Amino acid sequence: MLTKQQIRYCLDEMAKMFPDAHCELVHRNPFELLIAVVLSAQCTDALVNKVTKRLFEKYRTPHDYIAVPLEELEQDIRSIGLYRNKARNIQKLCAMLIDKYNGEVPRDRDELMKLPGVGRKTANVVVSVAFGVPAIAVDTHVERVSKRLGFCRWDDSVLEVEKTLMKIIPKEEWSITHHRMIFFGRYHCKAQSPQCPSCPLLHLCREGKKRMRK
């Protein structure tokens, strides 16, 4: 695995490559963000944004989601995929906000995780983007980039990846580094077509050198 100094070097470069990295999910408030991120699991941002475009016009509060039959909401988000479980989780999540959190999105990460459909990744995105709380959400891109570069071991859990980054990066930079890593993986270190040949980190990447040799 890379040394701390090297990992910081990698992150510094990603910042130069994607200085404008940000959350690409369209939302106007914390509630819309929460729904959007829940829908985002195993789905592309493009499709989530196309769907919420109309979804957020039809539904604006947790009462709107629980007022329609489950079958109706399922159709409204059908294009997202995993729509049966997500629609059910959303209705249960909205009922919980009303019953347990005074009808508002809680600002605590562990409290958010009590909502159905919300795991650690979802909760971290919400507290970070909506409430400015430092956190590192580890998704497919962050995990892949971390393992290819050697930030951690290939067998590490996503929690392990998260803890490794939290110890190497100043809390004040957690949120932006997370976004920079996501952009790096989404647009450069892609799952199917990584841009190794022109990568500024090729000189220290175990995965890159392994691919170039082939």
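Each residue number is its position in the shown sequence, starting from 1.
- Looking at 37-45 and 149-157 together, the entry lists the larger mean B-factor for 149-157, computed on C-alpha atoms.
- Just going by the entry, 130-138 versus 68-76 on mean CA temperature factor gives the higher value to 68-76.
- In this PDB entry, the Cα temperature factor of residue 171 sits in the top third of its chain's modelled residues, the highest group.
- Among the modelled residues of its chain, residue 180 has a C-alpha B-factor that falls in the lowest third according to the deposited record.
- The deposited CA B-factor of residue 143 belongs to the lowest third of values across its chain.
- Per-chain ranking of the deposited C-alpha B factor places residue 111 in the lowest third.
- Compared with the other modelled residues of the chain, the Cα B-factor recorded for residue 186 ranks in the lowest third.
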